[PDB]
$ cat work_16.csv   # CSV, C-alpha atoms
chain,number,residue,atom,x,y,z
A,1,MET,CA,97.1,3.0,99.9
A,2,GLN,CA,99.6,4.6,97.5
A,3,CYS,CA,98.1,5.9,94.2
A,4,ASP,CA,94.5,7.2,93.6
A,5,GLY,CA,91.6,5.4,92.1
A,6,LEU,CA,89.1,7.1,89.7
A,7,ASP,CA,86.0,8.2,91.5
A,8,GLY,CA,82.5,7.6,90.1
A,9,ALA,CA,80.4,10.6,89.0
A,10,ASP,CA,77.5,11.6,91.4
A,11,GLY,CA,74.1,11.3,89.9
A,12,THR,CA,72.5,14.7,89.0
A,13,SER,CA,69.3,14.2,87.1
A,14,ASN,CA,66.1,13.3,88.9
A,15,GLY,CA,66.6,9.9,90.5
A,16,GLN,CA,69.9,9.2,88.7
A,17,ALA,CA,72.2,6.6,90.3
A,18,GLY,CA,75.8,7.3,91.2
A,19,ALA,CA,78.4,5.7,89.0
A,20,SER,CA,80.9,3.1,90.4
A,21,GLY,CA,84.4,4.0,91.4
A,22,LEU,CA,86.9,2.2,89.3
A,23,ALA,CA,89.0,-0.8,90.4
A,24,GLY,CA,92.5,0.5,91.2
A,25,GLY,CA,95.3,0.3,88.8
A,26,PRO,CA,98.7,-1.0,90.0
A,27,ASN,CA,99.4,0.1,93.6
A,28,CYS,CA,96.2,2.2,93.6
A,29,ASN,CA,93.3,2.4,96.0
A,30,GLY,CA,89.8,1.8,94.5
A,31,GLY,CA,87.8,4.9,93.5
A,32,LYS,CA,85.0,6.2,95.6
A,33,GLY,CA,81.5,5.5,94.3
A,34,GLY,CA,79.3,8.4,93.3
A,35,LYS,CA,76.3,9.6,95.4
A,36,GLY,CA,72.8,9.0,94.0
A,37,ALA,CA,70.8,12.0,93.0
A,38,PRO,CA,67.8,13.3,94.9
A,39,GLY,CA,64.4,12.2,93.7
A,40,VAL,CA,61.6,14.7,93.2
A,41,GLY,CA,58.2,13.1,92.9
A,42,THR,CA,60.2,9.8,92.5
A,43,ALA,CA,62.7,7.8,94.5
A,44,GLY,CA,66.2,8.8,95.1
A,45,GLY,CA,69.0,7.3,93.0
A,46,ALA,CA,71.2,4.5,94.3
A,47,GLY,CA,74.8,5.1,95.2
A,48,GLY,CA,77.6,3.7,93.1
A,49,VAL,CA,79.9,0.9,94.3
A,50,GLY,CA,83.3,1.7,95.7
A,51,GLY,CA,86.2,0.2,93.6
A,52,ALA,CA,88.3,-2.7,94.6
A,53,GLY,CA,91.9,-2.0,95.4
A,54,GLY,CA,94.6,-2.6,92.8
A,55,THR,CA,97.7,-4.8,93.0
A,56,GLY,CA,99.8,-4.5,96.1
A,57,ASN,CA,98.5,-3.3,99.5
A,58,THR,CA,95.6,-1.0,98.6
A,59,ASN,CA,92.4,0.2,100.2
A,60,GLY,CA,88.9,-0.3,98.8
A,61,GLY,CA,86.9,2.8,97.8
A,62,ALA,CA,84.0,4.0,99.8
A,63,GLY,CA,80.5,3.2,98.5
A,64,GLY,CA,78.3,6.1,97.4
A,65,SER,CA,75.3,7.1,99.5
A,66,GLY,CA,71.8,7.0,98.1
A,67,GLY,CA,69.9,10.1,97.2
A,68,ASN,CA,67.0,11.5,99.3
A,69,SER,CA,63.4,11.6,98.1
A,70,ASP,CA,60.8,14.3,98.9
A,71,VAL,CA,57.8,12.0,98.7
A,72,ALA,CA,59.1,8.5,97.9
A,73,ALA,CA,61.8,6.1,99.0
A,74,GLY,CA,65.4,7.0,99.5
A,75,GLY,CA,68.0,5.3,97.2
A,76,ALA,CA,70.1,2.5,98.7
A,77,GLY,CA,73.7,3.0,99.6
A,78,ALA,CA,76.3,1.1,97.6
A,79,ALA,CA,78.9,-1.4,98.9
A,80,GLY,CA,82.5,-0.4,99.7
A,81,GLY,CA,85.3,-2.0,97.6
A,82,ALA,CA,87.5,-4.7,98.9
A,83,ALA,CA,91.1,-4.1,99.7
A,84,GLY,CA,94.1,-5.4,97.8
A,85,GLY,CA,96.6,-7.3,99.8
A,86,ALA,CA,96.8,-6.1,103.4
A,87,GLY,CA,94.8,-2.9,102.8
A,88,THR,CA,91.6,-1.6,104.4
A,89,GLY,CA,88.1,-2.3,103.0
A,90,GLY,CA,85.9,0.6,101.9
A,91,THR,CA,83.1,1.9,104.0
A,92,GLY,CA,79.6,1.2,102.7
A,93,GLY,CA,77.4,4.1,101.6
A,94,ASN,CA,74.4,5.3,103.6
A,95,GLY,CA,70.8,5.0,102.4
A,96,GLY,CA,69.0,8.2,101.3
A,97,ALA,CA,66.4,9.8,103.5
A,98,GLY,CA,62.9,9.1,102.4
A,99,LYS,CA,59.6,7.2,103.0
A,100,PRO,CA,61.0,4.7,103.6
A,101,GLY,CA,64.7,5.3,103.9
A,102,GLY,CA,67.1,3.5,101.5
A,103,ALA,CA,69.0,0.4,102.6
A,104,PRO,CA,72.6,0.7,103.6
A,105,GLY,CA,75.6,-0.5,101.6
A,106,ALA,CA,77.9,-3.2,103.0
A,107,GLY,CA,81.5,-2.7,103.9
A,108,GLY,CA,84.3,-4.0,101.7
A,109,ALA,CA,86.5,-6.8,103.0
A,110,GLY,CA,90.0,-6.0,104.2
A,111,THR,CA,92.4,-5.9,107.1
A,112,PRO,CA,90.3,-4.4,108.7
A,113,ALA,CA,87.1,-4.5,106.7
A,114,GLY,CA,85.0,-1.4,106.1
A,115,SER,CA,81.8,-0.9,108.1
A,116,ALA,CA,78.4,-1.1,106.4
A,117,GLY,CA,76.6,2.3,106.1
A,118,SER,CA,73.5,3.5,107.8
A,119,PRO,CA,69.9,3.1,106.5
A,120,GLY,CA,68.4,6.4,105.4
A,121,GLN,CA,66.5,8.5,107.9
A,122,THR,CA,62.7,8.2,107.8
A,123,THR,CA,60.0,10.6,108.9
A,124,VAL,CA,57.0,9.3,110.9
A,125,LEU,CA,53.6,10.9,111.7
A,126,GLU,CA,52.8,11.5,115.3
B,1,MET,CA,55.4,-4.4,87.2
B,2,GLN,CA,58.7,-5.1,85.4
B,3,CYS,CA,59.6,-2.3,83.0
B,4,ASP,CA,62.2,-2.4,80.2
B,5,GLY,CA,65.7,-0.9,80.3
B,6,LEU,CA,66.2,-0.5,84.1
B,7,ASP,CA,68.8,-3.3,84.9
B,8,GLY,CA,72.3,-2.3,85.7
B,9,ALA,CA,75.2,-3.6,83.6
B,10,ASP,CA,77.3,-6.5,84.9
B,11,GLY,CA,81.0,-5.9,85.5
B,12,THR,CA,83.0,-7.2,82.6
B,13,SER,CA,86.7,-6.5,83.5
B,14,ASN,CA,88.7,-7.8,86.4
B,15,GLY,CA,87.3,-6.7,89.7
B,16,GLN,CA,84.8,-4.3,88.1
B,17,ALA,CA,81.7,-3.3,90.0
B,18,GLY,CA,78.2,-4.0,88.8
B,19,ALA,CA,76.2,-0.9,87.9
B,20,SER,CA,73.2,0.1,89.9
B,21,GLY,CA,69.7,-0.6,88.7
B,22,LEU,CA,67.6,2.4,87.7
B,23,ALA,CA,64.8,3.8,89.8
B,24,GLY,CA,61.4,2.9,88.4
B,25,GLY,CA,59.1,5.3,86.7
B,26,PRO,CA,55.5,5.4,87.6
B,27,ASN,CA,54.1,1.9,88.2
B,28,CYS,CA,57.5,0.3,87.4
B,29,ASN,CA,59.5,-1.9,89.6
B,30,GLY,CA,63.1,-0.8,90.2
B,31,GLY,CA,65.8,-2.3,88.1
B,32,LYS,CA,68.1,-5.2,89.1
B,33,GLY,CA,71.7,-4.3,90.0
B,34,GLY,CA,74.5,-5.8,87.9
B,35,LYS,CA,76.7,-8.6,89.0
B,36,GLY,CA,80.2,-7.7,90.1
B,37,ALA,CA,83.1,-9.2,88.1
B,38,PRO,CA,85.4,-11.8,89.5
B,39,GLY,CA,89.0,-10.9,90.5
B,40,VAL,CA,92.1,-12.8,89.6
B,41,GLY,CA,95.0,-11.7,91.9
B,42,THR,CA,92.8,-8.9,93.3
B,43,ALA,CA,89.3,-8.9,94.8
B,44,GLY,CA,86.0,-9.3,93.2
B,45,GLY,CA,83.8,-6.3,92.4
B,46,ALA,CA,80.8,-5.6,94.5
B,47,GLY,CA,77.3,-5.9,93.0
B,48,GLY,CA,75.2,-2.9,91.9
B,49,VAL,CA,72.4,-1.6,94.0
B,50,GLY,CA,68.8,-2.4,93.2
B,51,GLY,CA,66.7,0.5,92.0
B,52,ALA,CA,63.8,1.8,94.1
B,53,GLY,CA,60.3,1.1,92.9
B,54,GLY,CA,58.4,3.8,91.1
B,55,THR,CA,55.3,5.6,92.2
B,56,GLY,CA,52.2,3.5,92.9
B,57,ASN,CA,52.5,-0.1,94.2
B,58,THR,CA,55.9,-1.3,92.9
B,59,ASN,CA,58.7,-3.7,93.9
B,60,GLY,CA,62.2,-2.7,94.6
B,61,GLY,CA,64.9,-4.2,92.3
B,62,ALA,CA,67.2,-7.0,93.5
B,63,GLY,CA,70.7,-6.1,94.4
B,64,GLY,CA,73.5,-7.6,92.3
B,65,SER,CA,75.8,-10.2,93.7
B,66,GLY,CA,79.5,-9.7,94.2
B,67,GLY,CA,82.3,-11.3,92.2
B,68,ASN,CA,84.4,-14.2,93.3
B,69,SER,CA,88.2,-14.0,93.9
B,70,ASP,CA,90.9,-16.7,93.7
B,71,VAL,CA,93.3,-15.3,96.3
B,72,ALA,CA,91.7,-12.1,97.6
B,73,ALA,CA,88.3,-11.1,99.0
B,74,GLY,CA,85.0,-11.7,97.3
B,75,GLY,CA,83.0,-8.6,96.3
B,76,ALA,CA,80.1,-7.5,98.5
B,77,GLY,CA,76.5,-8.2,97.6
B,78,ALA,CA,74.4,-5.1,97.0
B,79,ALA,CA,71.3,-3.8,98.7
B,80,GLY,CA,67.8,-4.2,97.3
B,81,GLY,CA,65.7,-1.3,96.4
B,82,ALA,CA,62.8,-0.1,98.4
B,83,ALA,CA,59.2,-0.7,97.3
B,84,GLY,CA,56.9,2.0,96.2
B,85,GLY,CA,53.6,2.0,98.0
B,86,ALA,CA,52.5,-1.4,99.2
B,87,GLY,CA,55.0,-3.3,97.1
B,88,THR,CA,57.7,-5.8,98.1
B,89,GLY,CA,61.3,-4.7,98.7
B,90,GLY,CA,64.1,-6.0,96.6
B,91,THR,CA,66.3,-9.0,97.7
B,92,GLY,CA,69.9,-8.2,98.7
B,93,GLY,CA,72.6,-9.7,96.5
B,94,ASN,CA,75.0,-12.5,97.6
B,95,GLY,CA,78.6,-11.9,98.4
B,96,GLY,CA,81.3,-13.4,96.1
B,97,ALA,CA,83.3,-16.4,97.2
B,98,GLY,CA,86.9,-15.6,98.3
B,99,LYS,CA,89.4,-15.0,101.1
B,100,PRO,CA,87.2,-14.0,102.8
B,101,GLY,CA,83.8,-14.2,101.1
B,102,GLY,CA,82.0,-10.9,100.5
B,103,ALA,CA,79.4,-9.4,102.8
B,104,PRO,CA,75.8,-9.9,101.9
B,105,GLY,CA,73.5,-7.1,100.6
B,106,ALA,CA,70.7,-5.8,102.8
B,107,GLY,CA,67.1,-6.2,101.8
B,108,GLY,CA,65.0,-3.3,100.6
B,109,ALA,CA,62.1,-2.0,102.7
B,110,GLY,CA,58.5,-3.0,101.7
B,111,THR,CA,55.5,-5.0,102.7
B,112,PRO,CA,57.0,-7.5,102.8
B,113,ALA,CA,60.6,-6.3,102.8
B,114,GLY,CA,63.3,-8.0,100.7
B,115,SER,CA,65.5,-10.6,102.3
B,116,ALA,CA,69.2,-10.0,102.8
B,117,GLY,CA,71.6,-11.9,100.6
B,118,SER,CA,73.9,-14.7,101.5
B,119,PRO,CA,77.6,-14.0,102.5
B,120,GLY,CA,80.1,-15.3,100.0
B,121,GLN,CA,81.7,-18.6,100.9
B,122,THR,CA,85.2,-18.3,102.3
B,123,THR,CA,87.5,-20.7,100.4
B,124,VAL,CA,90.2,-22.6,102.4
B,125,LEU,CA,93.1,-24.9,101.3
$ encode --input "work_16.csv" --output "structure tokens"
Amino acid sequence: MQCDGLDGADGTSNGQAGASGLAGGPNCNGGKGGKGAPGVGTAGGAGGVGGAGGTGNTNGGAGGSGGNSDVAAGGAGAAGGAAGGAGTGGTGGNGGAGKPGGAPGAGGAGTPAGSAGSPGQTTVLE
Amino acid sequence: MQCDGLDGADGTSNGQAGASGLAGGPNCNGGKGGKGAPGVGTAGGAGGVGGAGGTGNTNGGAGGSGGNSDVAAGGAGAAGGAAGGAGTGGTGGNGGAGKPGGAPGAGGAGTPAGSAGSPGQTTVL
């Protein structure tokens, strides 16, 4: 960690995926991935990937989480970016809530690595 | 069923992430996530997420695989998208090879669910 990476835009339109965070420039951490948009009558959007760290000792960006869905599946969370050098890996995004929940995103490698995210929350009839 | 125009773009510059696959429209499978680009000097990019299946009975899209790296970490593989209805979940992508190899992507939910991907190989010596 020293300079910033460019974050990815969150999805906004129905079911739209988040955009990836950018790979860091020199001495820059990777950008955070965008969140996926909610889905209405359709599944949620996927998260966008977290960016890899740039040259030097840089951290990976966090992966975006997936969007929730009202009647369908959540979007999946995106992976975190890997570190540069001796930096820390990005945390994976969480899946969106839905039926069923989206899968989690993996952590990016580093020293230490980032953790994978959580699956999205699901609702069950009793 | 596979529909046109849903696959995410592959990364095309050093370390760039793959783009996520698009959520399917009605009766369409989710799109495949893009492949992460390799890294030279820095880490590989992670793969893009697979899109969720559309309404009806649809398959989730496969997650993209991560890029390799020469001296740094491989990019992570991406999660597969969830099925719609009674469809099959998408397969998770594979991690890129590197120091160490990237984490695998999780499978998407379905009946049956997608399998997780393979970790990237860790290169030594």
$ interface_residues --input "work_16.csv" --of "chain B" --to "chain A" --cutoff "9 Å" --atoms "all atoms listed in the file" --output "PyMOL selection string"
chain B and resi 14-26+41-55+72-85+99-110
$ write_last_selection --input "work_16.csv" --atoms "C-alpha atoms" --output "PDB file, keeping the file's coordinate frame"
ATOM      1  CA  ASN B  14      88.700  -7.800  86.400  1.00  0.00           C
ATOM      2  CA  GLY B  15      87.300  -6.700  89.700  1.00  0.00           C
ATOM      3  CA  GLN B  16      84.800  -4.300  88.100  1.00  0.00           C
ATOM      4  CA  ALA B  17      81.700  -3.300  90.000  1.00  0.00           C
ATOM      5  CA  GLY B  18      78.200  -4.000  88.800  1.00  0.00           C
ATOM      6  CA  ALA B  19      76.200  -0.900  87.900  1.00  0.00           C
ATOM      7  CA  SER B  20      73.200   0.100  89.900  1.00  0.00           C
ATOM      8  CA  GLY B  21      69.700  -0.600  88.700  1.00  0.00           C
ATOM      9  CA  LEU B  22      67.600   2.400  87.700  1.00  0.00           C
ATOM     10  CA  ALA B  23      64.800   3.800  89.800  1.00  0.00           C
ATOM     11  CA  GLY B  24      61.400   2.900  88.400  1.00  0.00           C
ATOM     12  CA  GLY B  25      59.100   5.300  86.700  1.00  0.00           C
ATOM     13  CA  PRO B  26      55.500   5.400  87.600  1.00  0.00           C
ATOM     14  CA  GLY B  41      95.000 -11.700  91.900  1.00  0.00           C
ATOM     15  CA  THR B  42      92.800  -8.900  93.300  1.00  0.00           C
ATOM     16  CA  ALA B  43      89.300  -8.900  94.800  1.00  0.00           C
ATOM     17  CA  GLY B  44      86.000  -9.300  93.200  1.00  0.00           C
ATOM     18  CA  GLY B  45      83.800  -6.300  92.400  1.00  0.00           C
ATOM     19  CA  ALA B  46      80.800  -5.600  94.500  1.00  0.00           C
ATOM     20  CA  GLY B  47      77.300  -5.900  93.000  1.00  0.00           C
ATOM     21  CA  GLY B  48      75.200  -2.900  91.900  1.00  0.00           C
ATOM     22  CA  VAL B  49      72.400  -1.600  94.000  1.00  0.00           C
ATOM     23  CA  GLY B  50      68.800  -2.400  93.200  1.00  0.00           C
ATOM     24  CA  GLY B  51      66.700   0.500  92.000  1.00  0.00           C
ATOM     25  CA  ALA B  52      63.800   1.800  94.100  1.00  0.00           C
ATOM     26  CA  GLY B  53      60.300   1.100  92.900  1.00  0.00           C
ATOM     27  CA  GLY B  54      58.400   3.800  91.100  1.00  0.00           C
ATOM     28  CA  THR B  55      55.300   5.600  92.200  1.00  0.00           C
ATOM     29  CA  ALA B  72      91.700 -12.100  97.600  1.00  0.00           C
ATOM     30  CA  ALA B  73      88.300 -11.100  99.000  1.00  0.00           C
ATOM     31  CA  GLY B  74      85.000 -11.700  97.300  1.00  0.00           C
ATOM     32  CA  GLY B  75      83.000  -8.600  96.300  1.00  0.00           C
ATOM     33  CA  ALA B  76      80.100  -7.500  98.500  1.00  0.00           C
ATOM     34  CA  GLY B  77      76.500  -8.200  97.600  1.00  0.00           C
ATOM     35  CA  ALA B  78      74.400  -5.100  97.000  1.00  0.00           C
ATOM     36  CA  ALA B  79      71.300  -3.800  98.700  1.00  0.00           C
ATOM     37  CA  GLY B  80      67.800  -4.200  97.300  1.00  0.00           C
ATOM     38  CA  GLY B  81      65.700  -1.300  96.400  1.00  0.00           C
ATOM     39  CA  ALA B  82      62.800  -0.100  98.400  1.00  0.00           C
ATOM     40  CA  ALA B  83      59.200  -0.700  97.300  1.00  0.00           C
ATOM     41  CA  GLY B  84      56.900   2.000  96.200  1.00  0.00           C
ATOM     42  CA  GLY B  85      53.600   2.000  98.000  1.00  0.00           C
ATOM     43  CA  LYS B  99      89.400 -15.000 101.100  1.00  0.00           C
ATOM     44  CA  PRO B 100      87.200 -14.000 102.800  1.00  0.00           C
ATOM     45  CA  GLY B 101      83.800 -14.200 101.100  1.00  0.00           C
ATOM     46  CA  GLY B 102      82.000 -10.900 100.500  1.00  0.00           C
ATOM     47  CA  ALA B 103      79.400  -9.400 102.800  1.00  0.00           C
ATOM     48  CA  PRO B 104      75.800  -9.900 101.900  1.00  0.00           C
ATOM     49  CA  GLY B 105      73.500  -7.100 100.600  1.00  0.00           C
ATOM     50  CA  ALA B 106      70.700  -5.800 102.800  1.00  0.00           C
ATOM     51  CA  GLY B 107      67.100  -6.200 101.800  1.00  0.00           C
ATOM     52  CA  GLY B 108      65.000  -3.300 100.600  1.00  0.00           C
ATOM     53  CA  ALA B 109      62.100  -2.000 102.700  1.00  0.00           C
ATOM     54  CA  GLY B 110      58.500  -3.000 101.700  1.00  0.00           C
TER      55      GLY B 110
END
$ atom_distance --input "work_16.csv" --atom1 "atom CA of residue A:34" --atom2 "atom CA of residue B:56"
27.5 Å
$ atom_distance --input "work_16.csv" --atom1 "atom CA of residue A:68" --atom2 "atom CA of residue B:10"
25.2 Å
$ atom_distance --input "work_16.csv" --atom1 "atom CA of residue B:36" --atom2 "atom CA of residue B:57"
29.0 Å
$ residues_around --input "work_16.csv" --residues "residue B:111" --least-positions-apart "3" --cutoff "8 Å" --atoms "only C-alpha atoms" --output "PyMOL selection string"
chain B and resi 83+86-89
$ closest_residue --input "work_16.csv" --among "B:90, B:39, B:117, B:96" --to "residue B:12" --atoms "all atoms listed in the file"
B:39
$ closest_residue --input "work_16.csv" --among "A:40, A:25, A:70, A:61" --to "residue A:7" --atoms "all atoms listed in the file"
A:61
$ closest_residue --input "work_16.csv" --among "B:29, B:122, B:115, B:58" --to "residue B:93" --atoms "all atoms listed in the file"
B:115
